[PDB]
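Each chain, letter by letter, is given below.
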Amino acid sequence: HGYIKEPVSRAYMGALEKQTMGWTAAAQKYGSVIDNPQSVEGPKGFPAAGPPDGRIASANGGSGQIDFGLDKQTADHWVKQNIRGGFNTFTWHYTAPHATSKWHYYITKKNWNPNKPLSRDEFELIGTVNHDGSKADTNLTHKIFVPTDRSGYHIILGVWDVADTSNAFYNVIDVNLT
Ligand SMILES: [Cu+2]
């Protein structure tokens, strides 16, 4: 269990807006993930397997841990944070740092549709961090090159594959890319 803390994942943004807008208004916006941003857990093997299209952001309800709130997708719904093209760092916080096989990072394609549910064919692989089966917290932060050929509203998906289970944690990040 864990989530992307910087940039602020959508899941962690829900936990953050819990504090600023309260439990009910934040749960209306994000669903039950506000309490458990670390629990966006679904089957590993993305993109060939893993959570189905339209259930990527919620990891198909996080293995029963959350609802499907995160799967809403419109131009306006989610809080965007600014990021620049090029090298960026992605830092996870672990509540329970499991043995890790890899992390893998994707961005939305230049022509993606911000008002339809997320599908795996809107995402492009941008980097893979292999790991030696040790705990996730031996490599907290990853240096990933974000494409410099697109701008405006994009989603970075970070995926954390657990070494010793059939599961993975899916963290979408809403970004305004410049
Ligand atoms: Cu866990």
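Residues numbered from 1 in each chain as written, not as in the entry; some residues may be left out. Heavy atoms only, no water. Residues with missing side-chain atoms left out of burial classes, pairs and counts.

- Method of determination for the deposited model, per the PDB record: X-ray crystallography, at 1.7000 Å resolution.

1. Here's the deal with the coordination of the copper ion
Phase 1: Binding of the copper ion to the protein goes through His1 (N), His1 (ND1) and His98 (NE2), at separations of 2.0 to 2.2 Å. With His1 in the segment before β1 (2-6) and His98 in the loop between β4 (86-94) and β5 (100-108), this pair connects stretches of sequence that are 97 residues apart.
Phase 2: With a relative accessible area of 17%, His1 lands in the buried category.
Phase 3: Using a relative accessible area of 28% as the deciding quantity, one classes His98 as partly exposed. (Donors = N, O, S within 2.8 Å, 3.2 Å for Na, K, Ca; no water. Helix = DSSP H or I, 4+ residues; strand = E, 2+ residues; numbered from the N terminus. Buried < 20%, exposed > 50% of the residue type's maximum accessible area, 1.4 Å probe, protein only.)

2. Topic: the sheet that holds β4
Phase 1: Reading across from one edge, β1-β4-β7 is the order of the three strands in this open sheet, with antiparallel pairing throughout. Looking at strand neighbours, the two that pair on one side only are β1 and β7 (141-146), the edges of this open sheet. Taking the axes of each pair of neighbouring strands and ignoring which way they run, one obtains an average angle of 40° across the sheet. (Pairing = 2+ DSSP bridges. Axes fitted to C-alpha atoms, helices over the stretch in contact; angles between N-to-C directions.)

3. Points about the side chain of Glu122
Phase 1: Checked against the element boundaries, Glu122 lands in the loop between β5 and β6 (123-130).
Phase 2: Among buried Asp, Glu, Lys and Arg side chains, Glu122 stands out as unpaired, with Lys116 the closest opposite charge at 4.0 Å.
Phase 3: Excluding residues within four positions of it along the chain, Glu122 makes contact with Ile107, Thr108, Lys109, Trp112, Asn113, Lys116 and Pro117. (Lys, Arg positive; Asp, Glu negative; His and termini not counted. Salt bridge = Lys/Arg side-chain N within 4 Å of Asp/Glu carboxyl O. Contact = heavy atoms within 4.5 Å.)

4. Considerations on the environment of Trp160
Phase 1: Relative to the helices and strands, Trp160 resides in strand β8 (residues 152-162).
Phase 2: The spacing of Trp160 and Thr128 is 32 residues in sequence and 10 Å in space, taken between C-alpha atoms.
Phase 3: A polar contact is formed between the side chain of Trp160 and the side chain of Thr100, at a distance of 2.8 Å. (Polar contact = N/O pair within 3.5 Å; in protein donor to acceptor, adjacent residues only side chain to side chain.)

5. Side note on the pattern of salt bridges
Phase 1: A full pass over the atoms with the stated rule returns seven salt bridges.
Phase 2: The closest approach of N and O atoms between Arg10 and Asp174, which form a salt bridge, is 2.8 Å. Taken together, the positions of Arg10 in helix α1 (residues 10-21) and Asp174 in strand β9 (residues 167-177) put the pair 164 residues apart, joining distant regions of the chain. Here the two residues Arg10 and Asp174 agree in accessibility, since each one is buried.
Phase 3: Among the salt bridges present, the one from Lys29 reaches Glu17, with a minimum N-O distance of 2.8 Å. Linking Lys29 in helix α2 (residues 23-30) with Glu17 in helix α1, this pair joins segments that are twelve residues apart in sequence.
Phase 4: A relative accessible area of 14% places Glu17 in the buried class.

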